[PDB]
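Heads up: the structure comes next, in structure tokens.
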Amino acid sequence: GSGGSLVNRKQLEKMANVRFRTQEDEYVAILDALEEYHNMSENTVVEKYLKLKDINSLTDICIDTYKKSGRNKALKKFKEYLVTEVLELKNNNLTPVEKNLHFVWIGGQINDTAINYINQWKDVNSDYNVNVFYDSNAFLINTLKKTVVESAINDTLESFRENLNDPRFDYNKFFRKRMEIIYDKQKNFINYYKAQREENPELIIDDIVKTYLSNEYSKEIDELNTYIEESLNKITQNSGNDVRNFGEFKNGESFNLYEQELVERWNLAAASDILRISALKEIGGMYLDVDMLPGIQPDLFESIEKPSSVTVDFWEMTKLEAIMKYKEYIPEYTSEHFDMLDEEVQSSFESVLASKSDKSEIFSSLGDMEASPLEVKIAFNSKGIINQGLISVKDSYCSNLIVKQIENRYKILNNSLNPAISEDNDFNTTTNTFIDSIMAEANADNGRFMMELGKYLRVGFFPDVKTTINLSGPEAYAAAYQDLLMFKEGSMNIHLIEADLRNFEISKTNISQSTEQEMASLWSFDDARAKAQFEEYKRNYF
Amino acid sequence: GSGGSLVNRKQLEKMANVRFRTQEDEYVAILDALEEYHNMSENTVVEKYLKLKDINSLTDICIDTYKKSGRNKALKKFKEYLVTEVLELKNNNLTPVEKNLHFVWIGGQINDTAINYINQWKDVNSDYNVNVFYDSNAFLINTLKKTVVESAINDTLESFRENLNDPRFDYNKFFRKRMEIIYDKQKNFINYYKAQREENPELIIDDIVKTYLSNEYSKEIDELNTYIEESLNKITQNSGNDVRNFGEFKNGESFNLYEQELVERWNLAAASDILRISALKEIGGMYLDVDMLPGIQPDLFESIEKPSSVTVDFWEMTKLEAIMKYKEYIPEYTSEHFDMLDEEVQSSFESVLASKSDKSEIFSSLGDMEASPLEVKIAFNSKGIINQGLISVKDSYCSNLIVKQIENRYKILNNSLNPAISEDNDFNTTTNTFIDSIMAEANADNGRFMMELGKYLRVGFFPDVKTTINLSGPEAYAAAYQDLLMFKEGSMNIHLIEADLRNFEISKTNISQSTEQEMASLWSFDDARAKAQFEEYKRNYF
Amino acid sequence: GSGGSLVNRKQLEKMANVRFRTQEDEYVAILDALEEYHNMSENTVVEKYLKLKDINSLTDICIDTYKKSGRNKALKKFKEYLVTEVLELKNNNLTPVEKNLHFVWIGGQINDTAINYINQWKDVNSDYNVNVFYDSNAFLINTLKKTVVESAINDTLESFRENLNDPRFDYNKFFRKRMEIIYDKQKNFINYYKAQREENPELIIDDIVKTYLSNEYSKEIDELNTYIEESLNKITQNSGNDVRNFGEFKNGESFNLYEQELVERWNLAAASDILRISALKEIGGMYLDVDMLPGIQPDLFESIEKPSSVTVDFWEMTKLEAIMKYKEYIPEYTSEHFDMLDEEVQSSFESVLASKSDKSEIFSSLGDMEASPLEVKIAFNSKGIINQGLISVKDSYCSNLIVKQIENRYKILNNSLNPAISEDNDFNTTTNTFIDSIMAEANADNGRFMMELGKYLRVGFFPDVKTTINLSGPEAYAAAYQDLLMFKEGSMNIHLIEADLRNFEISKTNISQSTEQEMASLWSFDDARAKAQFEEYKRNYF
Ligand SMILES: O=c1ccn([C@@H]2O[C@H](COP(=O)(O)OP(=O)(O)O)[C@@H](O)[C@H]2O)c(=O)[nH]1
Ligand SMILES: O=c1ccn([C@@H]2O[C@H](COP(=O)(O)OP(=O)(O)O)[C@@H](O)[C@H]2O)c(=O)[nH]1
Ligand SMILES: O=c1ccn([C@@H]2O[C@H](COP(=O)(O)OP(=O)(O)O)[C@@H](O)[C@H]2O)c(=O)[nH]1
Ligand SMILES: [Mn+2]
Ligand SMILES: [Mn+2]
Ligand SMILES: [Mn+2]
């Protein structure tokens, strides 16, 4: 029962006690509660936090009640200690985490390059129970999108032809016309889906998909049935956990959202950004994106020194490439940046790298893992946090918060979107309703969030759309931390600085982030990259 | 497992289902939840209510989300059923109540006329465990007030003398000048109390009181020590439960309020209006005001008929008076209205009344008592409900609500009052701060409540002050019912009509309300009665 | 009198002569003309070219007249020889070029960093007569733009405020709104200018500018008069040639265009892209952009070897940086990329670089220069050709062609634009007229050009606008080469491959292109860079 930095009643009395002034009904409130807190040795760390929560709230009443009170400045300082005490609770009182590596891939067949990445973990970590999530009901979501978007491109290009050299028809006008069609196609499928399921509530997703492709886009069903069969085998053989078995999630409120982004929006990224944390909440372990690889040993390459010209992320990227050239664990893991090196140092790798026998000497394993029940550790790329590496304890207080954050965001989204979408109109007129309504219900807190939310329809068919990040992605995790440290719930605007977020960083040595497929994930839909794609599409038909 | 009037999923679908329109993410929300409700046979009545609560809330989202939806008018009607279903839950599924008569008397020595009233209950109800609450710490609150107010009157009258026939110095100007002094005296005692308790946190209330009277108002302590001793004996002998033993209440949040109205405001009525419901919540039984008497038998006087001229409340008042003339259970229970009768009918009573042996044939006993865990039955005088007769089951859902109502009201009060009182000023300048701040933090809901709250300082030293009723009294109980039926929490403005409140009426036959002391408690501080008191005070000194 | 590769009459007869077929009136046409060509030893190289021109034209008649003729395939091959013969004429028969370095800077005061770059040339090349062109009439064009665009940004940002978080108001919508204002301001100045000059045809540009700034944008004239005076001194001292003295250009047709881009569009880049070639045509020498620096010696750094990681353009960029660190010819020429190097090789430079005395050992001079009267050599950056380095002989045949190209392009522009602009309307409605009319008068040759031309209004106030390049810039020079080799005049679509253009490349060793200011000029207005500027502007006002 560590007392921590947090001050004792008598100390706080000494911190404030202004001369010739009695104690109020509302000031003693803090003292009686703070005294209680220090007597909670036997109680859980989470129960200690909720007592701080109440203390924090009690103090900000006492400063708001009397804004004259000279105490304030001291009580303003007392708030700081509470934060530190929360951090001290986090770090000091740790619990063993459940040894469960989680992966997720839904919407289509699992790719082999993904499985190769998974196996790397699975090999070195024999003790961990790996669970690569999938969805039996939805193997044809990805192919549904693929068929539509491509069939929407073909239509859009032909609408131009007679205006191909006309400089009004630029990349912007193209995607805008494409999305107009994509929305119409995507919506049509929805109205079919929400009439087929309304008719026969024992039809799965795929059954509606395959039939939709058959009638409209002229696809033979038997070819799809071999695909789903080939998929189900491939995942089942590779430690496949179905989401339909995980009914704890389906019974939860976040499921509606999972399906929404899966079936209605064909946003697999979003769906997977939900499932991952909802998994950690109810199972406990480490979630990884499939593009991730395990940590290289600190020692392995401690003798070699870095070049001056090349950057640090380039160095870490080659450290990985070196492995896959000589030990050859993965088929043709590009040796691009390794062949952009000096031959003398290339041989330095070849020599020292081949001077180890098997895989245990290469990659460091996880083994025993400790983390607080208040925290959910998260990875850091160059540009902030990222939800590709999530350590968590079963039913963590943060893990909860993060889900409640996601739930509430989608609440605000749907409680503005669903009105607009229902009264069916053209894409453009829908978007101009959806946004208008958002801006009405948008204060000076959620302002910075709401901006991004307004682009929600455009997610995946437009450049520069960070909406999905503000829904199921990093922002939410940031908010949850703010919820923690501000002793509140449902913070939407983030005012936490990088340094504050570091308190929840998964140690860098556990995850080798600088993989090939992550640089393929990091393509980043820049406005410029879009233009070249338009030129490429324009090349195809002619 | 009674289904009740509440409609089944498929019925509600049929109620709304508009032609050619699909079901939304937000409409199915009701259906999936309503379906669940009907499958909760094994669950508690309270758990059923919370499921209705959530249903009610889900429906009012669905109507607010889409205000075009033609469904609305049907879903507007679905809300009505939910209320009825709550009422059907209340009435149909009953539980035996704990056989505990509760009485309360705090602030001073218990009066004998009060004890005589209590014993009447105690005699006929042998099975019930009676508990007459008291407070050992506070026997001298009432005498503290008595000493101050009287010493404030004496000062006020002498300030006039040289302006006695001047018509500016009316009853209004008198009480206004009196209160100005009373506040100053009352506050002085507080600053002493909150410095003595701050100095020696092992001093009780009385110890601070007796010393305050000794130094200032020239009272011999030993005379008080005989008073408190004579009191403690008198209550202990008469089934005395101390509030200091009932620590469950002291640990609760409502205790601050109990002391506030006891020690700071000397409002015994308010303190007792809090304790009564907080008792019912944690003990369960029937609370009665001490001025109440048990129910006369339906049969006893069924042969006699009423006069045409005299009113119905006069008849019930004499029915009681008749008992105490001939059977003589209570010393000189005024035979006023019985002697304002025809002698022929006087003898009709004398004859038929004396034609019964002992007390069991007179007063009907309570015996076994059933009530819902959702409800807290309350008495009805001529002018609405009244908290003089409260049946309740242990930890009722209403009993909770009522306390949470009282808690929140005092929250709003103190969160405006305590700012103003702290920066000590003249009474008038304090009141004009306290109110100003209330009117700032006052919307169109709490408006009607807030009005009365602004008179909080004047409670007990002014005519026409209904504040205490809007804090710890009826209004709160009304609100709690509104909270119930509107499936909300923290309703402040009441829109329930008498008929709606009847759903929580304690059957009239259980309580004989028309007692002597209740007509003495119903004096009602009218502005006119005040004037005559001023004239009476003005008589005294001259 | 070199005969060259071109075949003699009798040879060409042997090339075609199909058996049993007489020679036509139109076939002998080539033979009689080809025979003539070979007898023109005494004639000028330019006169030889025009004879090839006529030959080329005669042959393509003979193949078009009779499309059956089996000769065609041989005469198709004869066309190839003519091209080669033109190239052989170019290379073999050379003439000394006039030793005149030309620079240009108009619109505002000449910058010191520009002058420092110029002096580098001027020092090492003592024999060359340098001429830094300027315009006395227009020193305030740049400040006119600066005042407008900035005053248009300020207006545009304030139009947002109440929509700052609304995601409709993106970077695209900003510039679009800005340009709408900029056009209105820019046009207003024009209508004033073309009414002031119409009134008093002895008023210069500046006099109209300074007055325009005084009345509208609240500028004190005397501050401008010191600016123009400070400028005129600064240029006069640094080998300043005025364009108003060069009346040979003013009398030419291309002058209208010079003023158009100067006074009407405030496009200094365009104006300078015209003057440069019109200078070479009538003066002869080497034109350079001011951001250019002279060639580093082949020998100087022949001992040092390149790193493997860093790119080749990085190496050439540091070669320059190295000079300016130790020999220190120019104030704080950024030592960025030199400090991103290995210290061992840094010292390799420091050592070997400081092992030379004065500047002659560093930079290679030009001295005597030979080039054909048919050619105008042009520089090559990574992307393609570039008009930053132009060698030419006085009144070259190419130098002519290039001007005639520019003249004709602006013809097509104005003959579509001036109609639309005259009937004054909103910017948008003007642009939608201007383009519509272009697309009407646009065949399958000029198609690729016309696209870019339609963005002519947006030049300088929008991202991704290559119009100016297709008017006065590279494309024109490419066309002129196509005009040469296709024996045509007024080719608009270019079908020349990089390899073909190399025939007119200024040897790489003469120009050090990889300067600091050129990397500053190569910023390239990418759509993404635009967004960050919008965010930066949005930061400023708030
Ligand atoms: O068809 C797909 C593709 C991706 N994903 C999920 O989307 C995540 C995003 O990974 P990626 O590297 O593509 O995105 P990043 O976050 O690295 O930009 C993956 O981890 C998968 O869980 C999925 O569920 N289905
Ligand atoms: O000195 C006193 C007088 C009254 N009461 C309480 O106040 C209640 C109100 O009784 P009364 O009939 O005087 O008031 P009413 O509500 O009828 O006006 C009583 O039942 C007691 O519980 C008390 O605590 N102390
Ligand atoms: O205010 C200015 C700026 C530039 N220029 C001319 O524009 C040319 C373009 O040089 P820069 O390197 O800025 O452009 P880029 O390299 O992008 O063609 C310069 O050489 C100058 O002759 C000019 O006349 N006035
Ligand atoms: Mn990735
Ligand atoms: Mn009463
Ligand atoms: Mn440049």
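Chain identifiers are assigned as A, B, and so on, following the order in which chains appear in the structure tokens; residues are numbered from 1 within each chain, and ligands are numbered from 1 in order of appearance.
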
- Message: Need the shell around residue 109 (chain A): protein/DNA/RNA residues with any atom at most 9 Å away, counting only C-alpha atoms. Skip same-chain ones fewer than 6 positions apart. Format as a PyMOL selection string?
- Response: chain A and resi 139-140+142+227-228+230-232+234-235

Selection export as an mmCIF file, in the first residue's frame, atoms kept: C-alpha atoms:
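Saved to selection.cif:
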data_model
loop_
_atom_site.group_PDB
_atom_site.id
_atom_site.type_symbol
_atom_site.label_atom_id
_atom_site.label_comp_id
_atom_site.auth_asym_id
_atom_site.auth_seq_id
_atom_site.Cartn_x
_atom_site.Cartn_y
_atom_site.Cartn_z
ATOM 1 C CA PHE A 139 -15.310 -13.022 -47.323
ATOM 2 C CA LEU A 140 -16.785 -11.164 -50.315
ATOM 3 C CA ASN A 142 -13.526 -6.793 -50.551
ATOM 4 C CA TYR A 227 -13.074 -18.542 -53.297
ATOM 5 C CA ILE A 228 -14.839 -18.544 -49.907
ATOM 6 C CA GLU A 230 -10.338 -21.677 -50.459
ATOM 7 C CA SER A 231 -10.322 -18.780 -47.974
ATOM 8 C CA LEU A 232 -11.975 -20.598 -45.057
ATOM 9 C CA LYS A 234 -6.543 -21.041 -45.586
ATOM 10 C CA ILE A 235 -7.530 -19.180 -42.398
#

- Task: Give the strand (DSSP E) residues of region 368-507 of chain C, as DSSP finds them on the backbone, and put them as a ChimeraX atom specification.
- Result: /C:370-371,376-380,385-392

Taking C-alpha atoms for each residue, export the selection above as a compact mmCIF listing (two decimals), in the first residue's frame.
# COMPACT_ATOMS: atom_id res chain seq x y z
CA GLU C 370 31.28 27.97 -81.95
CA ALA C 371 27.71 27.15 -82.97
CA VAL C 376 20.18 27.47 -80.61
CA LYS C 377 21.70 25.28 -77.88
CA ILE C 378 19.58 24.80 -74.75
CA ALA C 379 20.16 23.39 -71.26
CA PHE C 380 18.90 20.07 -69.89
CA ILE C 385 15.07 20.83 -71.67
CA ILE C 386 15.04 24.23 -69.96
CA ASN C 387 15.51 27.80 -71.20
CA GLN C 388 17.90 28.81 -68.40
CA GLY C 389 20.94 28.27 -70.64
CA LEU C 390 20.69 29.43 -74.27
CA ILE C 391 23.70 29.66 -76.59
CA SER C 392 22.93 31.19 -79.99

- Message: Just want the 12 Å neighbourhood of residue 150 (chain A), counted on only C-alpha atoms, with same-chain residues fewer than 2 positions away dropped. Output as a count of residues only.
- Response: 20

Taking a cut-off of 8 Å and counting only C-alpha atoms and all ligand atoms, can you build a table that, for each residue of chain B near ligand 5, reports the nearest atom pair and how far apart they are in Å (one decimal), sorted by chain then residue number, as a tab-separated table?
residue	atom	partner	partner_atom_place_in_ligand_line	distance
B:289	CA	ligand 5	1 (Mn)	6.9
B:290	CA	ligand 5	1 (Mn)	7.8
B:291	CA	ligand 5	1 (Mn)	5.5
B:292	CA	ligand 5	1 (Mn)	7.6
B:388	CA	ligand 5	1 (Mn)	7.5
B:517	CA	ligand 5	1 (Mn)	6.4
B:518	CA	ligand 5	1 (Mn)	4.0
B:519	CA	ligand 5	1 (Mn)	7.0
B:520	CA	ligand 5	1 (Mn)	7.0
B:521	CA	ligand 5	1 (Mn)	4.1
B:522	CA	ligand 5	1 (Mn)	6.1

- Item | Residue set, region 284-421 of chain C restricted to helix (DSSP H, G or I), as number ranges by chain | C: 312-326, 343-353, 359-361, 397-421

- Give me, as a list in words, the contact residues of chain A against chain B at a cut-off of 7 Å, counting only C-alpha atoms.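 Listing them in order of chain and number gives residues 22, 65, 66, 194, 415 and 419 of chain A.
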
- Query: A:288, A:465, A:528, A:310: which is nearest ligand 4, counting only C-alpha atoms and all ligand atoms?
  - Reply: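 Under the stated criterion, the closest residue is A:288.
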
Give me the region 252-323 of chain A side of the contact with region 336-360 of chain C, cut-off 10 Å, one line per residue showing its nearest atom pair and distance in Å at one decimal, counting only C-alpha atoms, sorted by chain and residue number, as a tab-separated table.
residue	atom	partner	partner_atom	distance
A:307	CA	C:342	CA	8.4
A:308	CA	C:342	CA	6.2
A:309	CA	C:340	CA	6.1
A:310	CA	C:340	CA	9.4

Selected residues written out, N, CA, C and O atoms, as a compact mmCIF listing (two decimals), in the first residue's frame:
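The new file out03.txt reads:
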# COMPACT_ATOMS: atom_id res chain seq x y z
N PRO A 307 25.82 4.83 -41.21
CA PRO A 307 26.37 5.86 -42.10
C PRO A 307 25.82 7.25 -41.75
O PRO A 307 24.77 7.36 -41.13
N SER A 308 26.54 8.29 -42.19
CA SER A 308 26.21 9.66 -41.85
C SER A 308 25.08 10.19 -42.74
O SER A 308 24.21 10.91 -42.26
N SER A 309 25.11 9.82 -44.03
CA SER A 309 24.20 10.38 -45.02
C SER A 309 22.79 9.83 -44.84
O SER A 309 21.83 10.60 -44.78
N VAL A 310 22.67 8.50 -44.77
CA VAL A 310 21.38 7.83 -44.74
C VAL A 310 20.72 8.06 -43.38
O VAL A 310 21.41 8.18 -42.36

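Taking only C-alpha atoms into account, residue 57 (chain C) lies nearest to C:489 out of the set C:295, C:489, C:3, C:362.
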
- Looking at B:190, B:83, B:45, B:270, which one is nearest to ligand 2, with distances taken over only C-alpha atoms and all ligand atoms?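 Once distances to ligand 2 are computed over only C-alpha atoms and all ligand atoms, the minimum belongs to B:270.
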
- Message: Can you tell me which residues surround residue 495 (chain B) at a distance of at most 10 Å, considering only C-alpha atoms, apart from same-chain residues fewer than 6 positions away, and format the answer as a list in words?
- Response: residues 478, 479 and 482 of chain B

- Message: To one decimal place in Å, what is the distance between atom 4 (C, counted along the ligand's line) of ligand 1 and CA of residue 210 (chain A)?
- Response: 20.8 Å

- Message: Applying 12 Å and only C-alpha atoms, which residues near residue 5 (chain B) remain after dropping the ones on its own chain fewer than 5 positions away? List them as a PyMOL selection string.
- Response: chain B and resi 11+38+78+80-89+92

- Query: Leaving out residue 180 (chain B) and any residue of its chain fewer than 4 positions from it, which residues lie within 8 Å of it when counting only C-alpha atoms, given as a list in words?
  - Reply: residues 176, 184, 426, 427 and 428 of chain B
